[PDB]
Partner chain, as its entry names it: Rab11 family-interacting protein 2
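Next up: just one chain, as structure tokens, the form deposited without the partner chain.
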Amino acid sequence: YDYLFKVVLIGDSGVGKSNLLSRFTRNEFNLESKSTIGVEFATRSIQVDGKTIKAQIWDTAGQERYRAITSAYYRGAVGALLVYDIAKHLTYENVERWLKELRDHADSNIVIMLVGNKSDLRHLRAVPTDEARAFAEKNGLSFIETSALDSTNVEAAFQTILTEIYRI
């Protein structure tokens, strides 16, 4: 590979972070996945502007009550996938909180992609696509909706953020 880019997954418990990771790196999905224990990471190489980018994707539980995610989790990260669940409005309301965590614990110029996951649950949607896109636009974030379940836009989400990082 030509470059190694560390990218972190963050977002509330249950939004689909671990399945976004497994879908992208192993093409695997699990309806019966449990809350993540400690910290995990996995890799996949992809082509970006004629270069081979080894994407090192980090993952951890969204809940931070007794245990808060430290600057060590974010160290070296050049991107963050900030994931919410399109069918749960609270997870979108908490995006502001995750942005604060990034400001507190992550690099100043970390590339942020706001990810509305579970787009296959369109019939249960609680967060309008236009509102989220507008919010992203107004806060200097990229935006995409994904479904780890049916694979829609998962490759595109990672390919796009890794492209934006490469092109900084």
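Residue numbers count along the first chain shown, from 1.
In what follows, reference is made to the form deposited with the partner chain bound, a form of this protein that is not presented.
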Review point. Can any non-hydrogen atom of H105 be found within 4.5 angstroms of the partner chain in the deposited bound form?
Key: no
Review point. Is there any non-hydrogen atom of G50 lying within 4.5 Å of the partner chain in the deposited bound form?
Key: no
Check your understanding: Is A134 a contact residue for the partner chain in the deposited bound form, using a 4.5 Å heavy atom cut-off?
Key -> no
Check your understanding: Does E40 reach the partner chain in the deposited bound form if we count a contact as any heavy atom within 4.5 Å?
Key -> yes
Check your understanding: Out of 136 to 144, 95 to 103, 108 to 116, 42 to 50, where are the residues with a heavy atom within 4.5 Å of the partner chain in the deposited bound form?
Key -> 42 to 50
Review point. Is any part of 119 to 140 within 4.5 angstroms of the partner chain in the deposited bound form by a non-hydrogen atom, and which residues would that be?
Key: none
